[PDB]
Amino acid sequence: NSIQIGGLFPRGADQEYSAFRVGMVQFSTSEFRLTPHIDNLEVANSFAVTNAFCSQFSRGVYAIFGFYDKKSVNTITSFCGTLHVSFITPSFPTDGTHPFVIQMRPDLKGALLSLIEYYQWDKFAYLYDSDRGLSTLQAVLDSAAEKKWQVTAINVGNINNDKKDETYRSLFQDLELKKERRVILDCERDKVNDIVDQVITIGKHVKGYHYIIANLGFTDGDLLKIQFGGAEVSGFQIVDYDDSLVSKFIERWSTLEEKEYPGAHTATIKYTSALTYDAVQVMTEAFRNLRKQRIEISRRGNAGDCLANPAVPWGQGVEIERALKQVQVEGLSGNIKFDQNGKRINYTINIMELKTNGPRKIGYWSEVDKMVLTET
Amino acid sequence: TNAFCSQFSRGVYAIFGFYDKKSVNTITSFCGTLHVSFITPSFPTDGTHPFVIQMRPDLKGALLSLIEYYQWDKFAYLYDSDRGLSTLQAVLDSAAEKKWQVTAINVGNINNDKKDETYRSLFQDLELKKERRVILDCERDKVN
Amino acid sequence: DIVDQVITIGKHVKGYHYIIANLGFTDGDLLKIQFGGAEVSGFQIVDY
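Now for a look at the structure at hand. (Residues numbered from 1 in each chain as written, not as in the entry; some residues may be left out. Chains lettered and ligands numbered in written order. Part of a larger assembly, values for the part shown. Heavy atoms only, no water.)

1. Re the overall build of chain A
- Scanning chain A for helices and strands turns up 10 helices and 15 strands.
- Taken over C-alpha atoms, the radius of gyration comes to 22 Å for chain A, in line with the 21 Å a tight globule of 376 residues would show.
- Principal-axis analysis of the C-alpha atoms gives chain A an extent of 65 × 45 × 45 Å.
- Counting only residues that meet the buried cut, chain A has 56% of its 376 residues in that class.
- When the accessible area of chain A is evaluated, it comes to approximately 16600 Å², of which 47% is carbon and sulfur surface.
- Side-chain charges of chain A comprise 43 positive and 47 negative groups, with the mean position of each set lying 2 Å from the other. (Helix = DSSP H or I, 4+ residues; strand = E, 2+ residues; numbered from the N terminus. Rg over C-alpha atoms; globule rule 2.2 N^0.38 Å. Buried < 20%, exposed > 50% of the residue type's maximum accessible area, 1.4 Å probe, protein only. Areas by Shrake-Rupley, 256 points an atom, 1.4 Å probe, with all protein chains shown as cover. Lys, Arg positive; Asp, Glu negative; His and termini not counted. Charge placed at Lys NZ, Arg CZ, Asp CG, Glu CD.)

2. A look at empty space enclosed by the protein
Residues and elements named next belong to chain A.
- In this structure, the largest cavity occupies an estimated 150 Å³ of space.
- Lining the largest cavity are 14 residues, and of these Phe57, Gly60, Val61, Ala303 and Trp314 sit closest to its centre.
- In terms of residues, the lining of the largest cavity owes the most to one element, helix α2 (residues 46-59), which gives three residues.
- Each residue belonging to the lining of the largest cavity can be placed in one class, and the counts come to nine nonpolar, three polar and two charged. (1 Å grid on protein atoms, 1.4 Å probe; cavity = no way out; pocket = protein on both sides within 12 Å on 5 of 7 lines; lining within 4 Å. Points joined across faces, edges and corners; volume = space filled by probe spheres on them. Nonpolar A, V, L, I, M, F, W, Y, C, P; charged D, E, K, R; others polar.)

3. Remarks on the packing of α2(A) against helix α2 (residues 24-34) of chain B
- It is at 7 Å that the axes of α2(A) and α2(B) come closest, and there the two elements cross at 90°. Judged by the angle between their axes, α2(A) and α2(B) are roughly perpendicular. Residue-level inspection shows A:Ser46, A:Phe47 and A:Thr50 of α2(A) in contact with α2(B), the latter providing B:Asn25, B:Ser29, B:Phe30, B:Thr33 and B:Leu34. (Axes fitted to C-alpha atoms, helices over the stretch in contact; angles between N-to-C directions. Parallel < 35°, antiparallel > 145°, perpendicular 65-115°, else oblique. Contact = heavy atoms within 4.5 Å.)

4. Some thoughts on the interface of chain A and chain B
- Opposite the 25 residues of chain A that make contact, chain B presents 26 residues.
- Approximately 2200 Å² of surface area, both sides summed, lies buried where chain A meets chain B, with 57% of it carried by carbon and sulfur atoms.
- The interface formed by chain A and chain B contains zero salt bridges.
- Elements represented by at least two residues in the side of chain A that touches chain B include exactly α2, α3 (73-83) and α5 (135-147) of chain A.
- Residue contributions to the side of chain A that touches chain B peak at four residues, all from α5(A).
- Residues belonging to the side of chain A that touches chain B are distributed by class as follows: 10 nonpolar, nine polar and six charged. (Buried area = accessible area lost by both parts, 1.4 Å probe. Salt bridge = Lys/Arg side-chain N within 4 Å of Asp/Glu carboxyl O.)

5. Here's the deal with the interface of chain A and chain C
- Across the boundary between the two partners, chain A contributes 11 residues, which contact 10 residues of chain C.
- For the pairing of chain A and chain C, the buried interface totals around 780 Å² over both sides, and the portion due to carbon and sulfur atoms is 60%.
- The tally of links from chain A across to chain C stands at zero salt bridges.
- On the surface where chain A and chain C come into contact, there are zero residue pairs in polar contact.
- If one sorts the elements of the side of chain A that touches chain C by residue count, helix α7 (residues 189-202) of chain A sits on top with three residues. (Polar contact = N/O pair within 3.5 Å; in protein donor to acceptor, adjacent residues only side chain to side chain.)

6. As for the sheet that holds strand β4 (residues 76-78) of chain B
Residues and elements named next belong to chain B.
- Sheet architecture is open: three strands sit in the order β5-β4-β6, paired in parallel fashion. The open sheet has two free edges, formed respectively by β5 (103-104) and β6 (134-136), since each of these has just one partner strand.
- Of the pairings in the sheet, the one linking β4 to β5 comprises two bridges and is parallel in character. By the bridge assignment for β5, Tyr77 is matched with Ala104. (Pairing = 2+ DSSP bridges.)

7. Remarks on the nonpolar core
Residue and element names in this part refer to chain A.
- Ranked by size, the top nonpolar core spans 110 residues in total, and within it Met104, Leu112, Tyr126, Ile184, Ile212, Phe236 and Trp253 carry the most contacts.
- With 11 residues, the single largest contributor to this core is helix α9 (residues 271-292).
- Look past the residues within four positions of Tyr126 in its chain and what remains in contact with it is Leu112, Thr136, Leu137, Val140, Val151, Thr152, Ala153, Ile154, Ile184 and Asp186.
- Membership of the second largest hydrophobic core comes to 28 residues, among which are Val183, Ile195, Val199 and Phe218. (Core = buried A, V, L, I, M, F, W, Y, C linked by side-chain atoms within 4.5 Å.)

As structure tokens, this is what we get:
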């Protein structure tokens, strides 16, 4: 039997597209398959994301996989609440509680608050970015209002590609005159290498400075550039290579050809592509448990237009979203426990420092326990 | 979206309307590609945007000129999410430049569930650290 | 090759001093250790 799903992928997001088909070969058990139906679009213009969304509604899809930027987040979460066609995705979690949307990516905002308590800071400057979002900034302003440590939260996402090197330097010249020796970066990977290369030239990576790269891919950025210098670079990582299943995947991921899967011949896997790999398990676990209870999925024969005076929902989608939520399976990330909101709980974030021979774990964060000291 | 496409079917020359923080991008994406012009009294979009004309002027310039005129350096700030986050981004850049110890605390997530208990606790955490200069900044109902 | 292994091990802050001592001082790339704060003297005969 063939389940039609929908794939919204960014232009140039090849490794996220490559980790999709790896889940398609391996995780599609022989009892049932699911038709992939990938569409290509630019994530920024919400004209385009509107276009392929109704196009998947015109073809008819039971669950949609995609990526949303901050620019087009409220096109998706508003549509899926009004057409009941649920949405599973690795992007950053929305503000508050939006329904019908399954966030594969874990929330992070407690752990960064947890880690500053661990190292006992007071002066952490927090360099953020716009297109990742602002919700993490809002959590560490009021909590820094509550426990009273200064936050010199400076935007850096405004910078154009013509005049990068001047403004990054005039940034860190201002943290020098304020005597700021603790910096937190919070960006997508493509910006984090750009900041840390402007660090390595202006020379802020000696003993005495401390960093927290604070996205989920901590080893995914290159850390041979600031390795040997003496900057204690902590991080956060969910895709832990010490596990058997991940070490089994790296062996599988290395055995795939370069022209067939771009970014296959690597020893490390990006956190977006890793959650893309775990999402295809969670999607397939849903339609498996959908057929075992034999809940029949009635589809309109020719769906038509999404632009209708009020567009009628179809209540088999209500069956789908409960099947998407009621899944507890293991993955690369850990114990996938979804609430009714679409978030994750009972997940481990591995606090991982940087000693000179390479990245080393020093504990784990969850919602239950904040800082655990894994070995007078 | 539905009001936009239905009016684009009716043969309109320009579109006059409002937009909140939620659907700020849907109009600026559509009117950019479809080349219909949009004049609006809503809040101004951060950065440039094609084919959209904001009637309401900017504000962040005057709020940075006013604080310099009162010689402040220690002031709280009670923003609202749904007007935008644009003004909060502006003063925190100026927080680095002139030693403003801004204590910016959200207020918009607080809703009709817990009204009087939470707001007094908000003023307590300003008073216990002795904040005197509270630039609250929001729509008129949250002002009231 | 030496000065790139300097820039990774971080010996180019205020407090270190260098003398590249061949005759081509601007001929080597000096945008790598420029902004850091290492007072890099040199020697040059081909004066522009």
